[PDB]
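Taking it in order: structure first as structure tokens, then the write-up.
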Amino acid sequence: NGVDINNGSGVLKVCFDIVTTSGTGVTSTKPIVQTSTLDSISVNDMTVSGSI
Amino acid sequence: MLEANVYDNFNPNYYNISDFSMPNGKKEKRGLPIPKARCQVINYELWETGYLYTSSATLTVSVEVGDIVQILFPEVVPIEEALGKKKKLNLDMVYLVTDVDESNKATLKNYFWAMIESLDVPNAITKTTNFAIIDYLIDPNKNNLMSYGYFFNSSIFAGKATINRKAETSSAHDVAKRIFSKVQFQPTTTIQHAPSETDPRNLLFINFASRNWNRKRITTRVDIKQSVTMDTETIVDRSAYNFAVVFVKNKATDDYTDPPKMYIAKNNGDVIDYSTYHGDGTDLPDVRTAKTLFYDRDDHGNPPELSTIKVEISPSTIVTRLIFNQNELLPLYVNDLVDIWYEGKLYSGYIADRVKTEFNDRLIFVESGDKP
Amino acid sequence: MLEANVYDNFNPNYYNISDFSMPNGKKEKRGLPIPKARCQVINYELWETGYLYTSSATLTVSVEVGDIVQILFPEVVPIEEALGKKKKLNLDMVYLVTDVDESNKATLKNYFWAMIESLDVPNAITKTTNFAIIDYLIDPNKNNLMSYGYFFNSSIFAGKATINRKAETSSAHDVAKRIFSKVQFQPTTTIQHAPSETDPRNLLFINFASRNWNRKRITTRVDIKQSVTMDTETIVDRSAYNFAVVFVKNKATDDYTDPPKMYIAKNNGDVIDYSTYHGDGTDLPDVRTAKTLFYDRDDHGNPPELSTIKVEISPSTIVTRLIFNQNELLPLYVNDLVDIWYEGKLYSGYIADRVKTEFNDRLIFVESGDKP
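Chains as they are written, first to last, in the working numbering: chain A, 524 to 575; chain B, 4 to 375; chain C, 4 to 375.
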């Protein structure tokens with residue numbers, strides 16, 4: 524939902540893990556991405572595993 | 004009780020018109036109306052797809068024949084419309100009122116089967132993939148009831164369409180039943196507000212999607228305690244007299260003067276002449292179902308082919324149907340591939356329908372066959 | 004109560020194999036099995052031949068559909084198979100189980116009529132004597148049920164077969180009924196050990212034999228105290244609207260423009276034009292059943308013949324059926340030629356069936372007709 528609990532009222536809901544199951548147990552587990560919203564970056568080096 | 008939204012008939016002679024001015028300016032189709040009355044559905048037998056039985060429920064407001072009934076549930080069903088894309092869809096049971104008695108008990112028919120009514124489809128359309136038949140069947144320009152969109156799982160309807168008998172003109176009901184048996188899926192009609200926030204319309208769609216895009220097979224057990232009802236269905240139409248007293252007309256007399264030739268079908272599937280048999284009876288059937296067949300000699304004069312006789316004495320698909328109570332230890336929802344264990348015997352198939360009653364929650368299991 | 008022997012279905016796919024090694028050395032067909040269970044038949048209605056009604060009985064053991072039920076009686080029936088030769092045949096009532104309900108009440112169908120099931124016979128086989136038709140109908144290489152042999156009276160089936168309607172393809176049931184009506188006989192199925200002492204097999208035979216080789220006609224009286232159910236059956240098919248409004252097409256208009264010609268059938272049977280009639284009504288029917296017929300002019304142009312119209316307006320064989328209780332002063336049995344006196348009127352025909360119940364013993368009398 525993205526409810527602002529710190530400034531206002533309401534119940535905050537946020538997904539962190541995605542569990543894929545079968546009839547017996549768990550088949551695969553994929554965690555939710557951790558978004559890092561920034562304005563300006565002053566970095567020396569970088570290593571990317573996906574894409575920019 | 005359950006909540007019910009009562010709307011007047013979704014007449015496509017009215018709603019199919021693309022005159023509605025969208026907030027951006029664009030001209031699109033007319034959106035669904037607001038319920039003329041909010042009532043509560045009581046004393047109900049409500050099916051999910053309407054595979055075998057028609058729904059029946061008494062309603063608080065005095066509904067009439069033609070009206071659309073939307074039964075609401077405070078739960079959500081997630082359908083996988085694309086490989087990764089999963090959409091938040093609200094649980095709905097949409098029906099058309101077919102008849103109301105003196106005591107206001109309405110006979111409800113599942114929206115989809117009530118939509119593809121009286122529609123006939125020639126063999127020419129059935130020659131292509133199953134997607135082409137679904138795209139033909141679901142059209143607001145042809146159907147008795149209004150349709151806005153169709154959600155369909157590409158993998159399940161990817162295969163080549165089932166071959167039609169005599170290449171004749173069949174009804175939309177018979178072809179859908181034949182297709183839904185092979186694909187092991189059943190349709191569910193759902194009323195939901197348009198995906199885009201700009202579009203304020205309430206729309207009706209048909210569902211051919213599942214919780215998993217790439218459906219997986221489940222293995223479960225059904226105990227006798229769940230009030231199990233076992234009955235045998237037939238998917239494919241094949242003949243019932245396994246033994247054939249075949250007569251061939253004599254050319255010289257233009258009559259059936261010559262004696263008949265008897266043909267028996269073995270347990271394996273092959274068809275042989277009865278005289279040619281040299282066995283112990285172990286490879287032959289337990290009961291002899293017989294019929295007398297009359298054939299006319301071809302222009303060439305040769306007797307009719309063994310293979311042509313074989314098709315008429317060939318066996319039909321004996322399929323087991325199981326109707327039982329919902330097990331809370333291992334819940335089974337509609338459109339799930341299952342392998343059911345019942346009284347020491349294994350039955351494989353899918354969950355076709357689901358009845359939401361006041362007393363119980365039951366499932367219709369259809370054994371797809373194709374065992375050896 | 005009555006004693007019952009329960010065997011599994013006499014499958015000809017198994018028993019019609021000549022692999023049984025006889026004590027002398029030679030090979031013969033597979034003999035009948037031993038009863039899987041010996042039970043006692045209670046609450047019964049048992050028909051000797053199965054002419055009109057199907058038998059019903061509640062059995063102690065849990066029999067299933069397909070099983071053969073042999074009802075035993077501590078008495079012997081002597082059938083005359085040759086002019087002088089008589090065989091000591093034990094009294095039997097053999098049936099096939101058609102359906103069993105929840106309360107184990109089994110619906111029994113007489114073995115013969117269950118054996119000649121689904122069998123079709125064209126006009127070509129009916130052209131010969133009654134012996135050829137019986138030899139075709141009773142054959143384990145075609146029939147749904149197993150049969151080893153048949154004993155019959157040469158004199159009763161000696162005569163030429165009845166002429167078929169439209170010379171079409173008739174079922175084994177319809178032809179047998181048509182033949183059994185003219186010959187005044189009914190078949191009985193019985194299980195008996197092979198005649199030769201060397202052969203240890205138990206065999207099933209269809210009976211077309213009687214206590215007298217040269218059957219004699221008996222003259223008796225049936226009283227109102229015997230609880231008589233008087234009704235009417237029709238042997239031959241002839242049209243029921245005794246008056247004909249015949250229309251003939253006009254050549255010039257290629258239409259029915261010309262007025263109709265009415266044809267009346269007199270009490271004697273003579274068909275005349277209604278206009279030509281000059282009588283007092285005494286020679287005409289007491290009731291007028293009319294019908295309107297349409298005809299197309301022949302290639303020559305001449306109107307349709309009088310005799311051809313006659314066939315479409317002919318009376319059918321009105322035959323009286325009397326079902327009555329057994330008289331111990333003069334007992335009557337199955338296949339007996341009789342002349343019955345009932346309420347001052349004489350009726351002539353044969354004893355077609357016999358019903359064995361826990362309370363009474365009844366007979367069905369069928370008039371053969373051909374009175375004037």
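We put the CB at the ideal spot given by N, CA and C, even for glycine.
For residue i, which residues in the same chain have their Cβ closer than 8 Å to its Cβ, ignoring the five residues on either side in sequence?
i	result
C:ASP22	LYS30 and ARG33
C:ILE136	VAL124, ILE128, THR129, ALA164, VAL178 and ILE182
Would you tell me roughly how many angstroms separate the C-alpha atoms of residue i and residue j, rounded to the nearest one?
i	j	result
B:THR279	B:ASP286	14 Å
C:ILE326	C:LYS185	20 Å
C:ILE166	B:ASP301	30 Å
C:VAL44	C:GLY53	18 Å
residue 1 of chain B	B:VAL9	In the structure displayed, chain B extends from 4 to 375; residue 1 of chain B sits before or after that span and is not available.
A:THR543	C:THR110	56 Å
B:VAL68	B:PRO190	23 Å
B:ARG168	C:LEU148	33 Å
C:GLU171	B:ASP257	14 Å
C:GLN229	C:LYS89	33 Å
B:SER213	B:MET118	21 Å
B:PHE13	B:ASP104	22 Å
A:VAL526	A:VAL537	9 Å
C:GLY28	C:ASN19	19 Å
C:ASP11	B:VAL274	25 Å
C:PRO318	C:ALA268	9 Å
B:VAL314	B:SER158	32 Å
C:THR237	C:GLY162	22 Å
C:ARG204	C:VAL100	24 Å
C:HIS303	C:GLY272	29 Å
C:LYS180	C:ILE209	16 Å
B:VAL337	A:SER532	39 Å
C:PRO81	C:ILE221	19 Å
C:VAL290	C:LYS252	29 Å
C:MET233	C:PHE368	10 Å
C:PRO306	C:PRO288	26 Å
Since residue i and residue j should fall inside the 8 Å C-beta cutoff, what is the C-beta to C-beta distance between them, to a whole number of angstroms?
i	j	result
C:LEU207	C:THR192	7 Å
B:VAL72	B:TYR47	11 Å between Cβ atoms; not a contact.
C:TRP344	C:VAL225	7 Å
B:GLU83	B:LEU94	So it is not a contact: roughly 16 Å between Cβ atoms.
C:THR323	C:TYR350	5 Å
B:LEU49	B:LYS359	5 Å
B:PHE188	B:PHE154	Not really, about 12 Å apart at Cβ, beyond 8 Å.
B:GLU51	B:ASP356	6 Å
B:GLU346	B:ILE227	7 Å
Who are the Cβ neighbours of residue i in its own chain at under 7 Å, not counting the five residues just before and after it?
i	result
C:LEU333	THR223
B:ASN107	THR61, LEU62 and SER65
B:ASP202	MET25
A:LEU535	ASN524, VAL526 and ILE528
B:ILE312	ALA247, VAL249, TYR266 and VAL274
B:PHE134	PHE160
Helix, strand or coil for residue i, going by three-state DSSP, please let me know.
i	result
C:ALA60	strand
B:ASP123	strand
B:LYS39	coil
B:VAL248	strand
B:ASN93	strand
residue 3 of chain C	This structure leaves residue 3 of chain C out entirely; chain C is present only between 4 and 375.
B:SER106	coil
B:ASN16	helix
B:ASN328	strand
B:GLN229	helix
B:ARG181	helix
C:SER24	strand
C:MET149	coil
B:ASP273	coil
B:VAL9	strand
Just to confirm my understanding: we take residue i, look at its own chain, exclude 5 residues before and 5 after, and list those with CB closer than 6 Å. What are they?
i	result
B:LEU5	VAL44 and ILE74
B:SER150	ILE141 and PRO143
query = Do the stretch 293-308 of chain B and the stretch 240-250 of chain B meet, that is, are 3 or more Cβ pairs less than 8 Å apart?
reply = Between the stretch 293-308 of chain B and the stretch 240-250 of chain B there are three or more C-beta pairs closer than 8 Å, enough to call the two in contact.
ask   = Counting pairs of Cβ atoms below 8 Å between the stretch 539-554 of chain A and the stretch 110-122 of chain B, do you hit three or more?
value = Verdict: no, contact absent.
ask   = Three or more beta-carbon pairs under 8 Å between the stretch 254-273 of chain B and the stretch 356-366 of chain B, yes or no?
value = With a cut-off of 8 Å, the stretch 356-366 of chain B and the stretch 254-273 of chain B do not count as touching, because too few Cβ pairs lie within range.
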